[PDB]
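What follows is a set of notes on a single structure, which appears directly below.
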Amino acid sequence: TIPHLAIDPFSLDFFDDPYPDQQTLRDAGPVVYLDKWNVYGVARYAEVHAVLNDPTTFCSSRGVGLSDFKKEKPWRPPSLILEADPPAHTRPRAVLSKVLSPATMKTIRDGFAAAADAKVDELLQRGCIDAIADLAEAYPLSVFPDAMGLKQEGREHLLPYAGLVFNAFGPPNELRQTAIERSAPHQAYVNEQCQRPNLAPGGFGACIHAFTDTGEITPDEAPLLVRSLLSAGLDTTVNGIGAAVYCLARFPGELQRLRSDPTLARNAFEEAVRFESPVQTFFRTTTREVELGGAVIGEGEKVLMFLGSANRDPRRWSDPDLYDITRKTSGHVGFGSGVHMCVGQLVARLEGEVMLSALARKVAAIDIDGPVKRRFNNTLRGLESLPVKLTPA
Ligand code: HEM
Ligand SMILES: Cc1cccc(C(=O)O)c1
Ligand SMILES: [Cl-]
């Protein structure tokens, strides 16, 4: 009834060019079985969206990586939000929502925008830069650790820790096992910065700890909620902004449209998140036997959702393989969908918007002028190196 495929969606060959294999996964059927890892897969928009929006049947508390927490110990204490189901999910989610709220965005927008403008000005003085290290990494590193309230010392641990976290959702391949081997100093740093005295007043971390007296969370929950922001809040935006610059570099017609109307910046970033899908995949675990797309899945089965594939499914999107900054992007699943839909999406969009605004106002051309190198991670899609020449407007 269900087609069986040998495609390994966590192989370097797949990461290097996932699009043919994603079409093979979509076209094989609404539900596939991946013999390499003994999991079900859904790669079409309809089934990915259905799975995301039924958290009772497709739960997160048995892990959103390949490992089933009912069968194996999690490599770190479970996240109180990502790896929780309702009702335990609900109040921690509400706290992070209020921490990363519209009012918070209003307090930080001017500073985030000034830092974006300053970075682009600095890069234009160099002309030839690496849009990963020098822009996609450098700009989030210049705003997000400060917005968290982190001290200066030890920030070099943040990107390695996040790469470890996203590799650890994967199967036990070499990427995952090497990440865990090297993890001890990054975990130690991160767990220490989650404690209330190490988070500067007014930042996101202090605000989480200040929410521990309302009856929503207790003091002993606040460090792991800070940990969620230090896990998910930096490396995602690095790959989101990197995706947007890579798109603008490959589609000069769209850079020209963005220059002519910088108010398209926010949608140009949203389209980059759909088009590249920095977070490629997440899993759920079935809590019962369930019929999905005419297939019957037993209880306690892992289901791999291909978010990037759903965002390119021609059953849902017209010309899905085109980067179009005026596309109606509403409904893409690059931030997820439903009760776990990215609680940091306003921070991500703020960063992406103000960076793309700075590019739109200051840069006339973005030309790849060196070898492009991909970065391999079991969950994140993005580049290691993106040499570009920036021509000033
Ligand atoms: C381009 C940037 C980003 C992308 C593509 C992205 C993607 C996602 C996705 C797909 C999910 C859903 C997970 C699931 O359904 O299991 C999610 C959830 C989440 N994200 Fe984001 N994210 C981004 C930025 C951020 C930022 C900046 C933060 C924090 C400041 C953050 C914190 C979180 C958290 C804490 C969750 C868990 C929410 C929940 O389980 O209720 N993310 N993200
Ligand atoms: C979306 C996401 C990614 C990585 C870690 C977390 C977390 O809650 O720790 C969330
Ligand atoms: Cl940790």
Side-chain angles (χ1 to χ4, degrees), residues 60 64 76-84 89-105 107-109 111-112 115 137 139-152 154-166 168-169 183 186-212 214 216-241 278-279 282 335-336 339-352 379-380:
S60 295
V64 296
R76 61 177 189 165
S79 166
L80 297 182
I81 179 171
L82 180 76
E83 287 156 349
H89 168 256
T90 305
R91 276 183 286 179
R93 165 80 185 206
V95 172
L96 287 188
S97 289
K98 292 177 219 172
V99 171
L100 308 176
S101 63
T104 295
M105 301 308 106
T107 63
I108 62 182
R109 173 169 180 109
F112 274 45
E137 284 175 0
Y139 170 69
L141 278 171
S142 76
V143 290
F144 183 74
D146 284 316
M148 281 302 305
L150 298 176
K151 69 176 175 179
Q152 290 292 330
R155 283 178 189 193
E156 69 274 3
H157 291 283
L158 292 166
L159 285 177
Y161 182 77
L164 152 73
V165 172
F166 279 101
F169 299 119
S183 61
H186 312 313
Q187 305 187 252
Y189 161 82
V190 166
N191 291 330
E192 188 53 33
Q193 310 322 306
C194 291
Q195 290 287 324
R196 191 166 197 167
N198 302 334
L199 292 158
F204 299 157
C207 290
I208 290 165
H209 284 271
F211 258 108
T212 55
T214 71
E216 288 167 290
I217 59 169
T218 55
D220 65 284
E221 295 180 292
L224 286 198
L225 291 178
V226 180
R227 195 193 69 175
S228 282
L229 299 196
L230 297 181
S231 300
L234 181 69
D235 212 3
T236 51
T237 67
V238 169
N239 288 294
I241 292 172
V279 177
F282 267 127
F335 291 115
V339 305
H340 293 275
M341 183 183 182
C342 178
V343 76
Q345 62 191 249
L346 306 183
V347 174
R349 295 184 175 133
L350 175 56
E351 286 185 21
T379 304
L380 302 165

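Here, residue 1 is the first one in the sequence, and each next residue gets the next number. Hydrogens, waters and symmetry mates play no part in the numbers below; they use all other heavy atoms, side chains included.
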### Task
List the steps and the verdict of side chain to side chain contact (heavy atoms under 4.5 Å, CB included) for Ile208 and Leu229.
CA-CA 10 Å; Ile208 290 165; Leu229 299 196; 3.8 Å; yes
### Task
Take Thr237 and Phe144 through the test side chain to side chain contact (heavy atoms under 4.5 Å, CB included) and record every step on the way to the result.
CA-CA 10 Å; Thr237 67; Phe144 183 74; 5.8 Å; no
### Message
Under the criterion side chain to side chain contact (heavy atoms under 4.5 Å, CB included), I'd like the reasoning laid out for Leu346 against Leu350: C-alpha separation, chi angles, the key distance, then a yes or no.
### Response
CA-CA 6 Å; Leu346 306 183; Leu350 175 56; over 6 Å; no
### Task
Tell me, with the steps shown, if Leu141 and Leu159 meet side chain to side chain contact (heavy atoms under 4.5 Å, CB included).
CA-CA 9 Å; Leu141 278 171; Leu159 285 177; 4.2 Å; yes
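Contact record, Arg93 with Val339: NH1-O, 3.5 Å, taken as the closest heavy-atom pair. A pairwise comparison of heavy atoms in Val99 and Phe204 identifies CG1-O, 3.7 Å as the closest pair. The shortest heavy-atom contact between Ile241 and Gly352 is CG1-CA, 4.3 Å.
Annotation: side chain of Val226 is in contact with side chain of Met148 (closest heavy-atom distance under 4.5 Å). The side-chain heavy atoms of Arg76 and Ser183, taken from C-beta on, include no pair separated by under 4.5 Å.
Annotation for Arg91: atom CZ does not count as buried by contact number, only 12 or fewer foreign heavy atoms lying within 6.0 Å.
When atom types are taken as modelled, the side chain of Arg155 and the backbone of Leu150 share a donor-acceptor pair closer than 3.5 angstrom. A donor-acceptor pair under 3.5 Å links the side-chain atoms of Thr236 to the main chain of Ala232, judged by distance alone. Judged by distance alone, with hydrogens and angles left aside, the side-chain atoms of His209 form a donor-acceptor pair with the main-chain N or O of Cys194 at under 3.5 Å. Side-chain atoms of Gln195 never come within 3.5 Å of backbone atoms of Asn191 as a donor-acceptor pair (strictly under, hydrogens ignored). Without hydrogens or angle criteria, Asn239 side chain to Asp235 main chain gives a donor-acceptor distance under 3.5 Å. Under the 3.5 Å distance criterion, the side-chain polar atoms of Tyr189 are left unmatched by any main-chain donor or acceptor of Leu158. In this structure, the side chain of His186 does not engage the main chain of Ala162 through any donor-acceptor pair within 3.5 Å.
Note that the CD atom of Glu216 and the CD atom of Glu221 stand 10.5 Å from one another [nearest 0.5 Å]. Here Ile217 contributes atom CD1 and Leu224 contributes atom CG; the two are 10.0 Å apart, rounded to the nearest 0.5 Å.
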